[PDB]
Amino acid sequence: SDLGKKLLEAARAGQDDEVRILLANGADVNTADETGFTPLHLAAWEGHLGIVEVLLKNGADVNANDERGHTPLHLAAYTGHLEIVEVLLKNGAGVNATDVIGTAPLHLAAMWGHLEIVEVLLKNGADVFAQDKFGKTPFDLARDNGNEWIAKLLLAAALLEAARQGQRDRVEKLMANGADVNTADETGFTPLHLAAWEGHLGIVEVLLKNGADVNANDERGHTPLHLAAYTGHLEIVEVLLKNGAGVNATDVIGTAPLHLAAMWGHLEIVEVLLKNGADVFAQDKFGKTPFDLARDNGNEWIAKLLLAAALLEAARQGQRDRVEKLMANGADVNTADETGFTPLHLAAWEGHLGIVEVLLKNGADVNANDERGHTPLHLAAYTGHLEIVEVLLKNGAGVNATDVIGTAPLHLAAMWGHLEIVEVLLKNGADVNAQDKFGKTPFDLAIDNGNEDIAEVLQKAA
């Protein structure tokens, strides 16, 4: 067609008026020459933006193919016409269309070093892994042609996507070629963020061996450990912790990994976070603790566990207010750690008289035994806390309780030179003749430790 021929050349020559006159005269907007080039092809190749937009407004096929599989987007990517690339994509151009050789627009922008075009193509979903007929990726071409900044950009985008998808072999080869293991997307997520979010234990391990920053923050302050505590990946939480992950990292909302674990019902992850130093008392902007979030979400099994851990620590530490506030929240007064120590055990050992009274006032077991038979009175007699010894005895403490070795409170008081406690125990019915499993009486122990005055008292009482 002569009209079509006139239109093709009018578009190739940048004659904006001629194009409009010819379209008004019925010229086929999608005419093709001997090799399949349409007016939109030629306008994109020659960089005539106005015509590109006119042809599209008149029904030009944005993805028209020449005989070799080139689209208008291929040609704009080749010639470096950023604005035409942007307009073509707006109108539905195939960002990943491949020619007969498997070449995509991203290959061409990387091959010829069009940085801004590479960035726009990636933003529009360009496939960084696309290989042409010869197995070349856009990165390979960038490197082959010495476009080193674009090559690193392609490595970064690839590593972020490979990490998210769990493609170990890809991740390894990307870092072998110099991929930045600590790159980030627009949100601030690093490859480690994405592997932990998606639950790829193998990738997390490989990333960390290659120097991944375990405490990378995103825009909102989220750490990889935050994400693993959110998603519930126990082993990943463990691996992150072993590699220096911060147990109490905080985000803009004030939430720590323990907040996330407790909110999303990850009991095992709460236990691991506690065992690794998680702060049960931390608070977020809304003014809530990990315990508060667990109770609201119906996880009493987690709420109680947080109360248990907090009570033992606060009882040991001597923090009376926390104890009283934890009792008001329903903390188990008789909870025990792995050794069997209750809050009362730990308050007596440390000499925290006030706390002893509170715990007893709230139903604490005055004769609770640890795994070895030590009662709270045993520990008070050991450390020499006269007031605590008297409070315990007043509350029904067993003055002659024997541990697994047959040791009684009087043995310990005599062995460690607490005369005033000896007299108190004797006054409360302590058995001066009790022998431990080695045949030792309190008298005998006082002698072995050079406590003359106590030995004299114990002898007369016999």
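Don't overthink the numbering: it's just position in the shown sequence, from 1.
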Mean CA temperature factor from the deposited coordinates, higher in 275 to 283 or in 116 to 124? 275 to 283
Comparing 425 to 433 with 407 to 415, the one whose average Cα B-factor in the PDB entry is higher: 425 to 433
Considering only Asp99, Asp370, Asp251, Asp140, which residue's Cα atom bears the greatest B-factor as recorded? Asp251
Between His374, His81, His222, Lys133, where does the Cα B-factor run highest in the record? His222
Classify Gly363 as lowest, middle or highest third according to the C-alpha B-factor given in the PDB entry, relative to its own chain. highest
Give the position of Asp61 by CA B-factor within its chain, expressed as the lowest, middle or highest third. lowest
Chain-wide C-alpha B factor ranking for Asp16, given as lowest, middle or highest third: middle
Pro72: C-alpha B-factor third of its chain, per the entry, is the lowest
Which third, lowest, middle or highest, does the CA B-factor of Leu22 fall in along this chain? middle
